[PDB]
């Protein structure tokens, strides 16, 4: 079939949903596209190049809140940003593992530079704005990785028997399993953002 960059990415993303990241291979990608392995190699040199490409394109296609609204508060920005990033990550199987494989690509430079600029324009030092940005990013990635890898694990083997589960754990597992960890995520996100505002407002005060 067609092997322009866009069509190769569509095919790889389709495969990632069928196989997960551990089982995606350039060999299965060639089979999906109806081509021989040496033909694919011209286009895609190895799995790492593919995964670097997917990490960028997933956000390009599906992460719609990279940039703040005109007049948006930094608190509202981090909230809308984190929600949009979580969604984009959860859209593909093993999405958070796909993202973690790289730091900002050249194609993202403009976007992430503006993010950093925006924090600094709202009273943060670059260092403190970068710590806020990183905290949000990592909190969100860990939350999504736990969701996703819980699915992976379950398809091999069932959860343990609650013959043995003590009461609060039973109840807690039932709690993290009533939605797809959204409540836990949104509650933790507000905690994080307030934590940051307390720090920013304190200036040089012992706090």
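Positions refer to the first chain, counted from 1.
152-160 and 50-58 differ in mean CA B-factor, and the higher of the two is recorded for 152-160. Relative to one another, 18-26 and 188-196 have unequal mean CA B-factors, and 18-26 is the one with the higher figure. Looking at the C-alpha B-factors along this chain, the one for residue 8 belongs to the lowest third. When the CA B factors of the chain's modelled residues are split into thirds, the value for residue 178 lands in the highest one. When all modelled residues of the chain are sorted by CA temperature factor, residue 102 is found within the highest third.
Compared with the other modelled residues of the chain, the Cα B-factor recorded for residue 63 ranks in the middle third.
When all modelled residues of the chain are sorted by CA temperature factor, residue 167 is found within the highest third.
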